[PDB]
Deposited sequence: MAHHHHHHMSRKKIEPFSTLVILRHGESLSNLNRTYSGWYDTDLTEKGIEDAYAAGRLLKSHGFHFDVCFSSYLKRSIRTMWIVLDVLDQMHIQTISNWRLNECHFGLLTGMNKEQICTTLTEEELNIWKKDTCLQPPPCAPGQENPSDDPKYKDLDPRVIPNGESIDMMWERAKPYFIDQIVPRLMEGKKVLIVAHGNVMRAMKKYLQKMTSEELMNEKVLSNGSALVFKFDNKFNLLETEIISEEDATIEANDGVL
């Protein structure tokens, strides 16, 4: 038994556990690395993609180490360490501004009850910028070449998607229109935003598979799991 292939395919995976996630603080652009569990998560995701026979032409990540390292591990499992990889800040998680590094108690002190409800249930609430004296992740040398005016400092999910969307349209879509299979190793908020965009509208270790025809009609969205 064999299945007719689509003209192009986009697979999106979430990165695994990071050190902040284990410490129960918000990272955003704070460049927290994978834990040992998060490294195992990446091996498991590679094995999941290998068992489905995926061969990618290109892989995208954000500028954050948790995503880049996940990508490297997954490509190792897939025997695809040689393929073209592309990293870009537009795929970063939201920049949480003042909330960077906060735990639950600190978030609860900073936001009112109504704000905290909106932050959990909606995508429109914007955090304040980093405070004077607070370490701002965007001061990292990896961002030294960006237009300083574009660099976010406190971003709602909606704002994050407004600066990720042109990257998806300008770099990922043209490759799908060439008939490529594309992998993206993403942050959860970015992955959900892309899914909503594509569908016109998920377990921790699940992957999303989007299949397209040669006119970029969406033919299928499949969730794959262990």
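Engineer: List in ascending order the stretches of the deposited sequence, numbered from 1, that lack C-alpha coordinates.
Structural biologist: Coordinates drop out over 1-10, 212-221, 247-258.
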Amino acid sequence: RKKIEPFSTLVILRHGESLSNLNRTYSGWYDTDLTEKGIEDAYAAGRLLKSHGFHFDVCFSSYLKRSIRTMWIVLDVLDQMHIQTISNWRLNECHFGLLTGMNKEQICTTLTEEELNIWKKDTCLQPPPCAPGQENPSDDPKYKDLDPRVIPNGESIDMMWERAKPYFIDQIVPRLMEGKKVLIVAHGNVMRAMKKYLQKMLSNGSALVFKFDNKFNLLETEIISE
From here on, numbers count along this sequence of modelled residues.
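Engineer: Tell me which stretch, 148-156 or 78-86, has the higher mean Cα B-factor listed in the entry.
Structural biologist: In the deposited entry, the stretch with the higher C-alpha B-factor mean is 148-156.
Engineer: If you average the CA temperature factors over each stretch, which comes out higher, 22-30 or 174-182?
Structural biologist: Taking the mean B-factor of the alpha carbons in each, 22-30 is higher.
Engineer: Select one of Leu98, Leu91, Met71, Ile118: the residue whose C-alpha shows the highest B-factor in the crystal structure entry.
Structural biologist: Max CA B-factor in the entry, restricted to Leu98, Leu91, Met71, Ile118: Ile118.
Engineer: Which is it among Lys65, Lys200, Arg47, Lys165: the one with the largest CA B-factor in the entry?
Structural biologist: Among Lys65, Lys200, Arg47, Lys165, the highest C-alpha B-factor in the entry belongs to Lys200.
Engineer: Considering every modelled residue of the chain and its Cα B-factor in the PDB entry, is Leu10 in the lowest, middle or highest third?
Structural biologist: Lowest third.
Engineer: Is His52 in the lowest, middle or highest third of its chain when residues are ranked by C-alpha B-factor?
Structural biologist: Within its chain, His52 is a highest-third residue by C-alpha B-factor, going by the deposited values.
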